[PDB]
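Shown next, in structure tokens, is the structure this report addresses.
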Amino acid sequence: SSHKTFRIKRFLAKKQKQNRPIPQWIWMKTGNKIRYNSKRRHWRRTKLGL
Amino acid sequence: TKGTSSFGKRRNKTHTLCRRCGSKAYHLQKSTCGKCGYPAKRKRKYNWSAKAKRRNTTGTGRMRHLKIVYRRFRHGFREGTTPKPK
Amino acid sequence: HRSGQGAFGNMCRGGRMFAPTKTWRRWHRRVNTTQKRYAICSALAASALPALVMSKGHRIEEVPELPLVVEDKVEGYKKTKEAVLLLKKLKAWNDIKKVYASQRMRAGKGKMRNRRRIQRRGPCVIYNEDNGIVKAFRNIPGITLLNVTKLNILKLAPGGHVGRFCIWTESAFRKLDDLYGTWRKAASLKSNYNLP
Amino acid sequence: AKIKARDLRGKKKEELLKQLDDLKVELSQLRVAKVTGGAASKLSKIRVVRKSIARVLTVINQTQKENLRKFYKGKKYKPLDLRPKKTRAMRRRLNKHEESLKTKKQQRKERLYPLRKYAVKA
Amino acid sequence: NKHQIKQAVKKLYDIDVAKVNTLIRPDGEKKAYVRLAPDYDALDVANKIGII
RNA sequence: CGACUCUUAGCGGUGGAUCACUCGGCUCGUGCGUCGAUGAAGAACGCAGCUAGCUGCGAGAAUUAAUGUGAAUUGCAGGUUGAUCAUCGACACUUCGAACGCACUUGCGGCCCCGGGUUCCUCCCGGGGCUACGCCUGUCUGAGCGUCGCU
RNA sequence: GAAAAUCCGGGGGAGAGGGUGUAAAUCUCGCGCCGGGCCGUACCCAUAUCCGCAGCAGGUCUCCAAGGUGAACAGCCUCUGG
RNA sequence: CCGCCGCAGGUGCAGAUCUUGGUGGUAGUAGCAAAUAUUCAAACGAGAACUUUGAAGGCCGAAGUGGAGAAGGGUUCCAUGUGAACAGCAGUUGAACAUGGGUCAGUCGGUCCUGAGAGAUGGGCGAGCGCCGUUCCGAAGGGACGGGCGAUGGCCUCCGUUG
RNA sequence: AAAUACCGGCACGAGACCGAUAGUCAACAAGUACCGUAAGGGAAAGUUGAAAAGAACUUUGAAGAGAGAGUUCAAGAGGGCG
RNA sequence: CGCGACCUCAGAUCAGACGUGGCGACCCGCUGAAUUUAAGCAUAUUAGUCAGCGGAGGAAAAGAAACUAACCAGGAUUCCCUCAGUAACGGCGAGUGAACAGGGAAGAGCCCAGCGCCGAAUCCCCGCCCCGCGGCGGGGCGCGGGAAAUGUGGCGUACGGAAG
Numbered sequence: 002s003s004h005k006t007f008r009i010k011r012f013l014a015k016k017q018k019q020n021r022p023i024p025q026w027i028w029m030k031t032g033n034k035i036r037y038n039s040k041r042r043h044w045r046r047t048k049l050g051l
Numbered sequence: 002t003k004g005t006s007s008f009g010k011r012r013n014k015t016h017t018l019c020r021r022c023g024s025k026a027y028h029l030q031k032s033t034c035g036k037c038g039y040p041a042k043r044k045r046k047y048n049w050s051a052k053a054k055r056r057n058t059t060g061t062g063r064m065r066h067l068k069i070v071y072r073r074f075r076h077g078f079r080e081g082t083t084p085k086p087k
Numbered sequence: 085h086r087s088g089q090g091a092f093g094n095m096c097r098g099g100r101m102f103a104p105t106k107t108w109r110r111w112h113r114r115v116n117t118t119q120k121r122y123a124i125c126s127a128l129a130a131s132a133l134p135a136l137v138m139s140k141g142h143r144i145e146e147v148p149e150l151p152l153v154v155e156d157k158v159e160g161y162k163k164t165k166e167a168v169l170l171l172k173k174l175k176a177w178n179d180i181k182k183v184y185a186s187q188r189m190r191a192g193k194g195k196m197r198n199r200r201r202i203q204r205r206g207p208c209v210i211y212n213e214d215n216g217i218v219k220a221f222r223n224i225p226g227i228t229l230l231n232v233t234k235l236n237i238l239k240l241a242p243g244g245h246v247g248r249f250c251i252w253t254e255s256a257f258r259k260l261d262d263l264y265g266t267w268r269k270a271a272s273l274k275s276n277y278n279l280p
Numbered sequence: 002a003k004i005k006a007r008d009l010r011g012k013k014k015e016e017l018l019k020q021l022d023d024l025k026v027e028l029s030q031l032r033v034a035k036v037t038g039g040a041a042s043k044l045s046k047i048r049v050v051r052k053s054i055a056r057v058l059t060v061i062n063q064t065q066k067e068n069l070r071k072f073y074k075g076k077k078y079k080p081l082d083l084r085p086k087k088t089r090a091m092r093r094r095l096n097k098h099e100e101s102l103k104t105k106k107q108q109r110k111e112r113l114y115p116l117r118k119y120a121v122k123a
Numbered sequence: 105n106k107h108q109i110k111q112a113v114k115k116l117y118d119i120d121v122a123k124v125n126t127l128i129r130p131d132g133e134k135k136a137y138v139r140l141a142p143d144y145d146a147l148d149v150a151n152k153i154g155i156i
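Residue numbers (the deposited numbering), protein chains in the order written: chain Al, 2 to 51; chain Aj, 2 to 87; chain AC, 85 to 280; chain Ah, 2 to 123; chain AX, 105 to 156.
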């Protein structure tokens, strides 16, 4: 909710910084396996735990 | 009303994040972790789950100390000396 | 995806196999000590008769004469160039020139399981002493070295067929008269053994 | 500029603090340039300044300990940082001399009856 | 703290502070609104720190 | 007549079988047989010029030093007195964690020291060194109509 | 038909206060001075931001509450708002 | 990669409401029917039954489709774009997508108190992990108001400061 | 002490084994994504080519998607592509 | 009433140290089922097995006979071959089931207490200095403290031992 604990707000803060796509230059590398970010999570799709 | 309508009343949690093992199984009323038993000194682990063991053993995390013990073992745990400089 | 698939059973995707292969499978077969000698006496006997050695496949056509016995200064070799120029003179080199021409690739899963290259069995050089004969012959493809006291049936009869072209040394060839005896003298290098 | 450790290790104590904060300022002039979004050459520099602060603070932390175990060496007790961190079970073992302690009686049995170099005749 | 920042901005920029208002962003980092006392100028000291 | 439908072949889609590979397994053998209050295993959270995951790492944060190695790193920018890799013995190693000042809200204390406020002289702010229980040997201050002792 | 933190008044009179002042001890009076760290704060709150696999006719705790008709927070109609 | 001679086996599939993966007929079929209802003009645009703006006609009708919060959500907030996929027609449109930006406290909450209760220590039990019990079988107070010799800051003046 | 045990741990060698529906659950950002309040459950997913030479430039369309060209032995190998 | 020894207890953020937790394949101490089998089932069997609990180590444990035997005797423990699916147990049903001797791998023996003698002959810690030690050790130094006659050290342990 609006009423958060400091520990939970740092938990959410990590999950937002992990919910960005791959940089466009990453798959121009030599050992190129990654196409897109498979671990991208959406607020309707998956509910983050908690 | 036991099914779909009763799911609507699910707004107050029991388990929060445990703080030994990060595992969301720290029961708030009981104040004990269902995954590790936090207030207990001893890690909750059982032999009826050999799969739940390998999820949380020495081969799981970093071994941020236990890897530099393995690397320092092969030179007999030498301490203090430096390699002869130029 | 797994939730409600089908886990256990030989027919299920994932799952185990029917009768999972065990480490306590009876891997090894012990033979009678007597029958082991009666294979070698049957292997040495069929590698003089040159019909069976050609029927084995060994190129023996220019071997000048003999179940071939060489002088004892072939034990004294320390280089392969001494050992190659030996097999030129005894005219058994066409049996290694055959082995060179048999160095092809193996068929199938043997390649990815460290059995990549298959070649042919060449001449077998049985020796009394070692002053470097093994060092001198080992780099040549085809040649396998046997001590006379320790003759292997796997190296005297490769494939389970008989007549591997065996090259002998002089002091080696006379020790067979002691290891196995004759039909009236007993074996001196065996406790209780006569020829069958 | 190329900053090395060899020249820092033979310098005076107070100068390395001034050499440190002169880089702290220099690093904090580039963290501004990263956010403003100007001069691409002032971003490749920022890793040179980060790793060189790690040199200056190391040569500080190095020589501030080789001074401690120079003064505390001739003392029966020394701080836990200056004590040998061999494994916990290895620290609990007996001393080199405590293993050399045989009994007065085992210094009599091994005195009178030494294990003899002998042979036989076949 | 708001006290540590009140010296941090004072020590590194030779300036004084009226008050500090810190909020932790959704990113997880703290943002100090360092209100400067009016004996100094905020837009002029922005040239010193090198932001425009 | 056609259209519709069936059969067959060609080509084309659909689908991922087969076959060929294989920096992965499994099995067997060998040597070694080392964690932790000097803070383990684990967990959290951080850190790259552009980096989400994976590894690497710990405010010195894809690493510092040192020894070896002797010219790259590389997806793209940028700038031999040793680049870069391996090694690693020096240093460093934030937060929870047996987890250790008392509590899990990262909430509230104490004592000694230092520095700003000053020119010891308190509140205040920041920093630092200590503060967990069980026990062991010695120490210290005690307690008892315990046992006696001398007046 | 709650405790406890917390706060205040009282009853006592151990004490303290100065020696006729440049008065003292003392004050719950009127000004003055300095300080207040730490964490949460956006937005949805439900026929589309929650829980029911979903923009699911389900479920889910409250605050404000206009005019007319009327016994009326009934129903219907209208204003602000949507 | 294969023939021959030997050796070995996880060695031959149509079935098991077999297992996994894929694709058919049904079939362009059922369906996109709860709570009254939309029309006109213009704009942007390649493109309009749906978007935006004005003008109509309507509904909710203050126990509301209104304006706010708790729990839950965790960036869904707001702007700027594109409009592949998603939003069961569409789309210039969105809570989608991608770049960004955004939550400021002595006073509002949290912190603090205790409630039903939870739960250490002593103790008791216990093979043991532990468990019971919470004032009960405990030497359970580390605070002040008082008196001299010492002592430190200050003209050791005499208090703060110490034992 | 020694002979003895060792489906964990460190570093190794080997296989008449398995060859991506097999072999460990995991050959890949695998105890990952995801599900359950929790204990726990737990996947799918290898291959362009010798070298990106990864299809310049022209032209239809709003763009997707084409037609020419061009690289290559081959695109009858066109970014999940033997 | 007082000061003193002592015994039995407290308290300390007293000076030093030490335990906790993890891993857990193997190893030691407990605890301990039921599927199953007996064509049912209850004793048995599964099985002193899975699960639960504590504790280690590089291996653990065992171990130098209160042994085996009955011979013409062997001689710690451990493991391997065998005895042996044997003696024996058992609704004598199902099923369970050792040991000695022998042949090998290795092979290693020992220490107290008690009984006694030696002026406690013993031991830990602090201060002082000295070479010096990333296993705080050897030497000197103090009518320095403590442990200890409710027994420390030497000799000595069943194979005998002490003293002259």
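Note that beta-carbon positions come from the ideal geometry of N, C-alpha and C, so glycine has one too.
Relative to the Cα of AC:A176, the nearest Cα in the group AC:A241, AC:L238, AC:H112 and AC:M138 belongs to AC:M138.
The Cβ of Ah:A41 sits no closer than 9 angstroms to any Cβ of chain AX. Going by DSSP, AX:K106 is part of the alpha helix (DSSP H) stretching over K106 to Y117. Nearest to AX:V149 by alpha-carbon distance, out of AX:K114, AX:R129 and AX:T126, is AX:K114. Here AX:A136 is near AX:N125, since their CB atoms are less than 9 angstroms apart.
Comparing alpha carbon positions, the residue from AC:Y122, AC:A185 and AC:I210 closest to AC:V158 is AC:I210. Per the coordinates, the alpha-carbon of AC:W252 lies some 13 angstroms from the alpha-carbon of AC:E149.
Beyond the five residues adjoining it in sequence on each side, Al:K40 comes within less than 8 angstroms, by CB distance, of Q19 in the same chain, given in chain order. Closest in C-alpha terms to Ah:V50, from the list Ah:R109, Ah:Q20 and Ah:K122, comes Ah:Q20. Taking the beta carbon of AX:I109 as reference, no residue of chain Ah falls within 8 angstroms; the closest one sits roughly 15 angstroms away. Using a CB distance below 8 angstroms, the part of the region 11 to 34 of chain Al facing chain AX consists of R11, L13, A14, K15, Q17 and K18, ordered along the chain.
Put simply, the CB of Aj:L18 is near chain Al, with a gap under 9 angstroms to one of its CB atoms. Taking 9 angstroms as the CB threshold, Ah:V33 lines the interface with chain AX. Distances from the alpha-carbon of Ah:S53 to those of Ah:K122, Ah:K3, Ah:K105 and Ah:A120 put Ah:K3 closest. Within the region 140 to 154 of chain AX, contact with chain Ah at the beta-carbon level (separation under 7 angstroms) is assigned to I153 and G154. Taking AC:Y264 as reference, the option from AC:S255, AC:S275 and AC:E254 with the minimal CA-CA separation is AC:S275.
Assigned with DSSP and collapsed to three states, AC:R205 falls in coil, not helix or strand. In the three-state reduction of the DSSP assignment, AC:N178 falls in the helix class, which pools H, G and I.
The DSSP-derived three-state label of Ah:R70 is helix. When the Cα atoms are used, Al:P24 and Ah:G11 turn out to be separated by approximately 45 angstroms. For the region 5 to 22 of chain Ah, there are no residues whose beta carbon sits under 7 angstroms from a beta carbon of chain Aj.
Cα atoms of Aj:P86 and Ah:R7: separation of roughly 12 angstroms, rounded to the nearest angstrom. At least one beta carbon of chain Ah lies nearer than 9 angstroms to the beta carbon of Aj:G81. Between AC:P225 and the set AC:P151, AC:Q187 and AC:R97, the nearest pair of CA atoms involves AC:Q187.
Here Aj:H28 is bridged, per DSSP, to Aj:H16 and Aj:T33.
The residue among AC:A241, AC:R200, AC:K269 and AC:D262 with its C-alpha nearest the C-alpha of AC:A130 is AC:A241. Around the Cβ of AC:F249, a 10 Å sphere holds 16 or more other Cβ atoms; the residue is buried.
In the DSSP assignment, AX:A136 falls within the unbroken beta strand (DSSP E) covering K134 to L140. Excluding the 5 residues flanking it on each side, Ah:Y73 has same chain C-beta neighbours closer than 6 angstroms at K79 and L83, in chain order. Counted as a single uninterrupted DSSP element, the beta strand (DSSP E) harbouring AX:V124 occupies residues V121 to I128.
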